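Here you get one chain, nothing else, as structure tokens; it is the form deposited without the named molecule.
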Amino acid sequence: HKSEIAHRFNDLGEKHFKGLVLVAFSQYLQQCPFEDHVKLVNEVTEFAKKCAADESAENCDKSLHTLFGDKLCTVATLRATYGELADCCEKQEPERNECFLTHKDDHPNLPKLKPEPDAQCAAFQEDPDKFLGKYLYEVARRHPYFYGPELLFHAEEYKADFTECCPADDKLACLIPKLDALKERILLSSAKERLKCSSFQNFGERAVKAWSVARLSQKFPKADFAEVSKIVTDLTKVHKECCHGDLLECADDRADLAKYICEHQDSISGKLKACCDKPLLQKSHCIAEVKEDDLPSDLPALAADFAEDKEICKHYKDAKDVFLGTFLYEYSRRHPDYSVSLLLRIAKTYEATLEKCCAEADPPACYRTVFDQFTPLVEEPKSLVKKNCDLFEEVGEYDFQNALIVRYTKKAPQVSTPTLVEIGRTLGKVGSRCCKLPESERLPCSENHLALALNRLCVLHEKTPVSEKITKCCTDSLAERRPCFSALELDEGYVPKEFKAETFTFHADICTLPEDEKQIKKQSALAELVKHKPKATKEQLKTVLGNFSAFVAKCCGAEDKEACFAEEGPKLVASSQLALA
């Protein structure tokens, strides 16, 4: 094509093209106010219309990267608001784009977008096109690596809720349930795509490929290997592009894959019929979130082709990567009950056994029992999940969260308290999600979502590194990541953090906070007790936090609140010292 911007405008249409460009600009520039990005989006779209009518007109032949990066660099207040981001404009492509990507903020710390139902409907009434457009902007800047086409879909969910619910009598009780369910979908989606970009950045395509091969084979067991290879190749490209900012190519390539999957749906999966007669946004999303199809009845034991076939060392020698992919395809489709990282763990073992056995004198007799090395690999995650789920059921979410905060704080006491509270809190929600499921679904829920939380920690750690052992767990191997964090224990040579009274001094401003923030304030205190007294047992810690809870409720009920906090605070501090000894 002469003009790639023409090609994408034609392919995507004005509305989607607009929506993506707004998401792009809000991810690279997370602070500048709404109306500013609206102007930029408008100018790009105007220019895109100039190029589709005349593919030959000036600047239309330039690359999407050149055009987008040039646009960012002509923003007034770029240096004033974004500081070092302006230094990226001195670089030429492709180093200019890498520079912008590395300055995206994963913890921008913006005001929590609370659902104010009466206040929102009035904004929805006054300016609806701005209301849909502002949702995209607010979610984009909060989540900079969020899958662009994915955000459009969820933005369409947001206006469908508000149009429906606003004119009813009970405006709030129609909305708050629907919006709080949307929030949890955004958090999960952001987490999933962030792991994809993290994977490219620290491991490359080959690791992303194995991950997708394994997941898609579970998703589509009836699909043949050539079909799975095709989708994987196509999908890996979509993610590289979305992860790299190529937001228009991302969306375009995604649509082509959806069309493809739907045109080959009998060959791929019976669960796709519902998806495949929907409008294109909804069709893409449905395919991405489709359930795992039924396991076909006619599958032969893996043993014949992978332990028993005598010519495997020749097979392995001729096409190493293609042959292990076959193994991974065949193993993953039979085991929808296994987590993805576990499947990669197993496949790594298979690869490594073939290297030692084919080097040895007699391979067929050696590798005949390679499947026996997987038995311990499966029992290990099964044990972890059982133990956490029995704990979660025994004690409830809040306490389970606190247990994890104590656990992870002991593992890595150099990590910041906000980060430790975030991980413990998130992992407790995972317990609510996964422990209630059947065992066929419980292991993979637990370990797949645990991988998301550990990636979040790793991403914050790459930003502001504090611990070598965390760095090793985050950089060494994606498959072995969860095992690596599990193997962390408190160091014998960790020096208890110095006591600061202010750190355990509460005030009456806690009383006017919402419960979630009230808890965070209390859970932060928990982490700080551990950092200060790392050899205190979980049972000593639970008792002292209980006394802090009683102190906070007592004084928040009192008529003179700040005088209560003043009298009772110091007493509780000094007795807690003796309690934690």
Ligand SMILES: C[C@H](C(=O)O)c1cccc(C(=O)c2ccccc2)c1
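Residue numbers here begin at 1 and follow the sequence given. Take the two forms, find the largest set of C-alpha atoms that superpose within 1.5 Å, and that set is the rigid core.
In what follows, reference is made to the form solved in complex with the named molecule, a form of this protein that is not presented.
J.: What is the one choice in 334, 237, 130, 264 with a heavy atom within 4.5 Å of the named molecule in the entry with it bound?
T.: The residue in contact is 130.
J.: Go through 29, 545, 552, 60 and name the one with a heavy atom inside 4.5 Å of the named molecule in the entry with it bound.
T.: So the residue touching the named molecule in the entry with it bound, by this definition, is 545.
J.: Looking at the named molecule in the entry with it bound, do all three of 224, 305 and 525 come within 4.5 Å of it through at least one heavy atom?
T.: No: no residue has a heavy atom within 4.5 Å of the partner.
J.: Using 4.5 Å between non-hydrogen atoms, is residue 399 touching the named molecule in the entry with it bound?
T.: Contact with the named molecule, yes.
J.: Report whether the minimum heavy atom distance between residue 245 and the named molecule in the entry with it bound is within 4.5 Å.
T.: Flag for residue 245 set to yes.
J.: Any chance residue 42 has a heavy atom within 4.5 Å of the named molecule in the entry with it bound?
T.: Output for residue 42 is yes: heavy atoms within 4.5 Å of the named molecule.
J.: Should residue 9 be classed as touching the named molecule in the entry with it bound when contacts are defined as heavy atoms within 4.5 Å?
T.: Judged by the heavy-atom cut-off of 4.5 Å, residue 9 is well away from the named molecule in the entry with it bound.
J.: Quick one: which of 491 to 499, 132 to 140, 294 to 302, 507 to 515 gets within 4.5 Å of the named molecule in the entry with it bound, going by heavy atoms?
T.: Checking each option against the 4.5 Å cut-off leaves 132 to 140.
J.: Just to make sure I understand: among 359 to 392, which residues lie within 4.5 Å of the named molecule in the entry with it bound, judging by heavy atoms?
T.: Contacting residue: only 391.
J.: Can you tell me which of these residues, 101, 484, 378, 324, is the one whose C-alpha shifts by at least 2 angstroms between this form and the one not shown after a rigid core fit?
T.: Residue with a C-alpha shift of 2 Å or more: 101.
J.: Indicate whether residue 118 shows a C-alpha shift of 2 Å or more between this form and the one not shown, with the rigid core used for the fit.
T.: Yes, because once the rigid core is superposed, the C-alpha of residue 118 moves 2 Å or more between this form and the one not shown.
J.: When the rigid core is used for the superposition, does residue 557 move between this form and the one not shown (threshold: C-alpha shift of 2 Å or more)?
T.: Shift at residue 557: 2 Å or more after core fit.
J.: Compare the position of the CA of residue 80 between this form and the one not shown after a rigid core fit and state whether the shift reaches 2 Å.
T.: Yes, the C-alpha position differs by at least 2 Å between this form and the one not shown.
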